[PDB]
Amino acid sequence: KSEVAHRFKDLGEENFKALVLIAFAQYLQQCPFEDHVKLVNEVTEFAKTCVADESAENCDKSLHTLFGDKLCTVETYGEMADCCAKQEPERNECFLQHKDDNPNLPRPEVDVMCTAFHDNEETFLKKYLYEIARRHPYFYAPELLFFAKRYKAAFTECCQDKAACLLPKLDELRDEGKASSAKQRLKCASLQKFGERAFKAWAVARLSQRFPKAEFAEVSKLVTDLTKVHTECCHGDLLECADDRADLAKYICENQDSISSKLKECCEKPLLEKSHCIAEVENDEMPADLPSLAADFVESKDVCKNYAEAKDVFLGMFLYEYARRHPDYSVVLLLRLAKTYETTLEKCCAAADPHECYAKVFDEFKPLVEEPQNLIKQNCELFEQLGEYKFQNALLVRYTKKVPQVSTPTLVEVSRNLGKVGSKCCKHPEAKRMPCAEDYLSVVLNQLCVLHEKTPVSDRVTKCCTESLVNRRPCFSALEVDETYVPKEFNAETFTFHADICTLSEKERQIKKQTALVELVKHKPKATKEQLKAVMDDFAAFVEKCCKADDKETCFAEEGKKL
Ligand SMILES: N[C@@H](Cc1cc(I)c(Oc2cc(I)c(O)c(I)c2)c(I)c1)C(=O)O
Ligand SMILES: N[C@@H](Cc1cc(I)c(Oc2cc(I)c(O)c(I)c2)c(I)c1)C(=O)O
Ligand SMILES: N[C@@H](Cc1cc(I)c(Oc2cc(I)c(O)c(I)c2)c(I)c1)C(=O)O
């Protein structure tokens, strides 16, 4: 009778409170912390009245109506959507469209924080959720609850040398948080830009690889439930998403003998740890003597009849059977082969002799398999030779010359993340490299697509990002150097002195040099590799000398006007 009471009872007060704070901070990313805490405490107090009596006034209203009415209580330059003037369901759609993937937003001393922690523990932990959620408005909300548990545990151990304990733990946590956020942003862009059918096919392929002994009916059931979870989370329905994720983990753990031999330990863990464990479980062993793919999908007399009589079941069986046999292929490579198979049946089954028309369809798959295999072989060699920083700089000059209109901060950020694929995947044997590397590159290229959509400047980025979700990686790799680009004239404001540049950490030092290298390539787009190195080495020596001089500002200004 009351949906706010239903979710309060299922989730418990503590997780309900946290999920409503996450929801409000993802919808209004520029609103101060104290204003959101007010609204949350009021929603919670109301929810308790509906638990006491599901029939009290207002207790039958939808969650969208209740939350939106709260948000609407607290310079446009001529352009601003007015979400609070709308009725539901258009009002919720308006809030979703204001989410900002690159918001204009800004860690005290170790002893300071521990002082705040034992002072006001609850307030301390709510500030953590608020700052993550407002910077990452598509973070998977149930996973953010797991990060919060671990963030509390680090303080309730280390505050008891504190900086030698706490700071490495907090570093591993923002590292894994950044990678979690980018992985979920790909699921939401998949569902919203390319549709439910495209997300379902991605899930059929990934779960058939990971659960190869499961029957097709069992994989299809898991795919329907997983699709409902992510549709809710990406549409702002966070209390519903968390409750359905919990139910899916309970189903899997009661049905292990029909799904996978790898789930035992995952399924004995506490509640948030269990779902996190299942999502990252290793692939099960493939059954030994599976019948050939060619017999069911190429040689059978019934191919055209099965495609006409039950199109979605027949093509979903093709994808399940191919994926469970090929854990060594990326997901995007399997989705490419299924699209090629369907296109070939549409043409052949409408003509005279189909059996001979599609008899060689597996020959068309070989160029598609070989192109990614060769790419990853070569970058792992280059990585082994150069190391991560110089591998990054190689990828940065390459991508700047493909799309030089893109902004310098976006080129540095994407290029640094493309180069992390070396440390992440090149240690695996040949066979495990392709899923690791090509599915990671899909996540990083989606980052480039959504950071560029806000302010489009490169027609070639817009085309590669809109044409085909599965073909994005081969589309970017195929771009040649841009010959139409006009060299950027020299500015100088990039290089104004700031005191921090003489006391940089190693990571900060690399980011500055990679920024200078992108600007140099934009200014001199046809200088050679050796010419770029000589200029870069000379400017870095200039910074070195002026950071030692008796008057730093004067040296930078005096020697800078000479350069
Ligand atoms: N000296 C090498 C040439 C080479 C340079 C780069 I830089 C590279 O790295 C990438 C990564 C991605 I992702 C791409 O889309 C592209 I195009 C190149 C690779 I692999 C090879 C050789 O001859 O083998
Ligand atoms: N204007 C910025 C500070 C800033 C100064 C310089 I001078 C600079 O250029 C280099 C070039 C090389 I090559 C280096 O190794 C280094 I370290 C800095 C850059 I990028 C940034 C601010 O106000 O924050
Ligand atoms: N003297 C020229 C202007 C000019 C100034 C600099 I200082 C320079 O050197 C760099 C080094 C890096 I590293 C960059 O990212 C960039 I942009 C320019 C170059 I080549 C040209 C004129 O009067 O027209």
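Atoms within a ligand are numbered from 1 in the order they appear, just like the ligands themselves. The first residue in the sequence is number 1, and the count goes up from there. Computed from heavy atoms alone, side chains included, the values below leave out hydrogens, waters and symmetry copies.
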Just need the protein heavy atom nearest to [atom], so name the residue and atom and give the distance.
atom	result
atom 21 (C) of ligand 3	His523 NE2, 4.0 Å
atom 11 (C) of ligand 3	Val535 CG1, 3.7 Å
atom 17 (I) of ligand 2	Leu504 CD1, 3.7 Å
atom 2 (C) of ligand 3	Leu563 O, 4.9 Å
atom 13 (I) of ligand 3	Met536 SD, 3.7 Å
atom 8 (C) of ligand 3	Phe490 CE1, 4.5 Å
atom 9 (O) of ligand 2	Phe495 CD2, 3.2 Å
atom 15 (O) of ligand 3	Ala516 O, 2.8 Å
atom 3 (C) of ligand 2	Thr496 O, 3.5 Å
atom 10 (C) of ligand 2	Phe539 CE2, 3.9 Å
atom 5 (C) of ligand 1	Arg398 NH2, 3.4 Å
atom 19 (C) of ligand 1	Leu382 CD2, 4.6 Å
atom 16 (C) of ligand 1	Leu375 CD1, 4.3 Å
atom 12 (C) of ligand 3	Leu520 CD1, 4.1 Å

Near [X], which atoms of ligand 1 are under 4.0 Å from a heavy atom of that residue?
X	value
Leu395	7 (I), 9 (O), 10 (C), 11 (C)
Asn379	20 (I)
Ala394	7 (I)

Any idea which atoms of ligand 2 are less than 4.0 Å away from a heavy-atom of [X]?
X	result
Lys513	15 (O)
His498	22 (C), 23 (O), 24 (O)
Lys512	20 (I), 21 (C)

Any heavy-atom pair between the side chains of [Y] and [X] that's under 4.5 Å?
X	Y	result
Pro435	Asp328	no
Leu532	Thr528	no
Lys99	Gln26	yes
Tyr151	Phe147	no

Inset, instruction - For atom 23 (O) of ligand 1, decide whether some protein heavy-atom distance is shorter than 4.0 Å. - result: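 It does not: no protein heavy atom is found less than 4.0 Å away from atom 23 (O) of ligand 1.
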Inset, instruction - Determine, for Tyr389 and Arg509, whether the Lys NZ or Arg CZ falls below 6.0 Å from the six-membered ring centre while staying within 45 degrees of the axis. - result: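 Because its charged atom sits under 6.0 Å from the ring centre and within 45° of the axis, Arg509 does stack over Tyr389.
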Inset, instruction - Could you note down all residue pairs passing salt bridge (charged side-chain N to carboxylate O under 4.0 Å, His left out) where residues 382-407 supplies at least one of them, sequence neighbours left out? - result: none
Legend entry - Among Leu396, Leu395, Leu448, side-chain contact (heavy atoms from CB on, under 4.5 Å) partner for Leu418: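 One option only clears the test, and that one is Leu395.
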Could you check whether atom [atom1] of [X] has more than 12 heavy atoms from other residues, nucleotides or ligands sitting under 6.0 Å from it?
X	atom1	answer
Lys454	NZ	yes
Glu506	CD	yes
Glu196	CD	no

Inset, instruction - May I ask whether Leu418 places a heavy atom under 4.0 Å from ligand 1? - result: no
Legend entry - Main-chain N/O of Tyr329 paired with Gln209 side-chain donor or acceptor, under 3.5 Å: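 Side chain of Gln209 to backbone of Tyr329: a pair is present.
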Legend entry - Side-chain donor or acceptor of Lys366 paired with backbone N/O of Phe362 under 3.5 Å: yes
Legend entry - Sulfur-sulfur distance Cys158/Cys114 under 2.5 Å: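 No; the two sulfurs sit 2.5 Å or more apart.
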Inset, instruction - Take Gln514 and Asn393 through the test side-chain hydrogen bond (donor to acceptor under 3.5 Å, both in side chains) and record every step on the way to the result. - result: CA-CA 7 Å; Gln514 289 163 330; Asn393 286 15; 3.0 Å; yes
Legend entry - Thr494, portion touching ligand 3 at heavy-atom distance under 4.0 Å: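 Neither; nothing of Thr494 gets under 4.0 Å from ligand 3.
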Inset, instruction - Please say whether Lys402 places an N or O atom under 3.5 Å from an N or O atom belonging to ligand 1. - result: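 Such a contact does not occur with ligand 1.
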Legend entry - Salt bridge flag under 4.0 Å for residues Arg150 and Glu172: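 So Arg150 pairs with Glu172 through a salt bridge.
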Inset, instruction - Quick one: look at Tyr399 and ligand 1, take heavy-atom pairs under 4.0 Å, and tell me if it's side chain, backbone, both or neither. - result: side chain
